[PDB]
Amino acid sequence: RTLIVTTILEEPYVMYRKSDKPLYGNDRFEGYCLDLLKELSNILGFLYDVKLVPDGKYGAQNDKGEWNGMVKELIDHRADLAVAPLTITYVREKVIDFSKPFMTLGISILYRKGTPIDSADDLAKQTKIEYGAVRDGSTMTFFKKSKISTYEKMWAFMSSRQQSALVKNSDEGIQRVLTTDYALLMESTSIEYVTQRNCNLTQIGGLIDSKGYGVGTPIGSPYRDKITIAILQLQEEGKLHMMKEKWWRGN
């Protein structure tokens, strides 16, 4: 059984290779998740076929309980695995299984170097330095749902300054950080990737929340626990570190 692996284009996890050489099938792609998948294939001993999710979505539910994206591909048995920056969440575990996480990440702060600002508390208690998140993303939604007082005050500031404080996308937010007195709230993984590529930029404070990326499978898949085992081996033998360093480290 050649496993069908659903995935999604997302730098640096999954990209098309910058080549016009005759590359076919899996060889068309590169990235952290391609390297991970290769390692998993060699530990477990499976053949695989990478297929980009047709609708280009991660996977969310509508009011009728209908799913889309990579999650739908798993539910429909049109993919055996989902290998992507795919968050292990309560709602998704209702409908698919996940390996244990190959990466753990949390919301943090992207800001300039050389300022007395050291935490989210430092931003919360002032208004001179503006801060926000990508509109309608996971990070904005976190602040919107939070009952923690300091993040409620932070959401109050973001929501009241809606037009300016919230950006269209991560690229816009980084530009806002680079050009204006602005701090962007974004996933730690993304901050690490950006700060490696922008020496004027830095992470501020630690993680504001916590979640993991895991390999998705249909409910009951006999590959799930095997993939957990392989992930633990890669973790312990320093290979996940090596793969992260390969893709994250800047000039």
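Residue numbers run from 1 along the displayed sequence. Rigid core: the largest C-alpha set superposing within 1.5 Å between the two forms.
The rigid core fit leaves 105 to 113 as the farther-lying stretch in 9 other deposited structures of this protein, judged by Cα positions and set against 81 to 89 and 105 to 113. Stretch 62 to 70 is the one, of 215 to 223 and 62 to 70, whose CA positions lie farther from the shown form in 9 other deposited structures of this protein once all structures are superposed by the rigid core. Note on 47 to 55 vs 191 to 199: mean CA B-factor is higher in 191 to 199. Set 116 to 124 against 101 to 109 and average the Cα temperature factors; 116 to 124 ends up higher. Looking at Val91, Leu81, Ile75, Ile174, the one whose CA carries the top B-factor in the deposited record is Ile174.
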